[PDB]
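Trainee: Give me coordinates for this.
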Amino acid sequence: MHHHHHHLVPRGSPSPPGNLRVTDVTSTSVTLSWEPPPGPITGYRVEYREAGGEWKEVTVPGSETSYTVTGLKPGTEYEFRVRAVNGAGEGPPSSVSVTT
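Mentor: Residues are numbered from 1 along each chain as shown. Let me share the structure:
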């Protein structure tokens, strides 16, 4: 076995979002909810991909705590991760799995 990859992040960047969870799923949409980590937050990167492929991304407001990704393919395995951002850079992600 090899050790796990470390997420390299700038000192001063935020902790991961807390309590990340999927709060609604339809055959073409996924709603995420979370809580802000401590300190200044300037935004959140919401990243997602069909498991195994290429990652899409949307950045949402620092004041946001829920967001719905629409236009997804039915019956599909997805991976989502959310990273908090501030002036020092982006922090480590918290991730969840979903299927539509």
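Trainee: For the closest residue to residue 78 other than its chain neighbours, list the residues it contacts.
Mentor: Computed as Cβ to Cβ, 6 or more residues apart in numbering, the closest residue to residue 78 that is not its neighbour in sequence is residue 98, at 4.8 Å. Yep, even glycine has a C-beta here, placed from its N, CA and C like the rest. Listed by Cβ atoms under 8 Å, 6 or more residues apart in numbering, the contact set of residue 98 reads 22, 25, 30, 77-80.
Trainee: are any of these buried, and which?
Mentor: 30, 78-80 (16 or more other Cβ atoms under 10 Å).
Trainee: ok so, going back, can I get the contacts of residue 98 in JSON lines with distance to residue 40 and secondary structure?
Mentor: Below are the contacts of residue 98 laid out as JSON lines (distance: Cβ to Cβ, whole Å; DSSP: H, G, I helix; E, B strand; the rest coil):
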{"residue": "22", "distance to residue 40": "27", "secondary structure": "strand"}
{"residue": "25", "distance to residue 40": "31", "secondary structure": "strand"}
{"residue": "30", "distance to residue 40": "27", "secondary structure": "strand"}
{"residue": "77", "distance to residue 40": "35", "secondary structure": "strand"}
{"residue": "78", "distance to residue 40": "30", "secondary structure": "strand"}
{"residue": "79", "distance to residue 40": "28", "secondary structure": "strand"}
{"residue": "80", "distance to residue 40": "24", "secondary structure": "strand"}
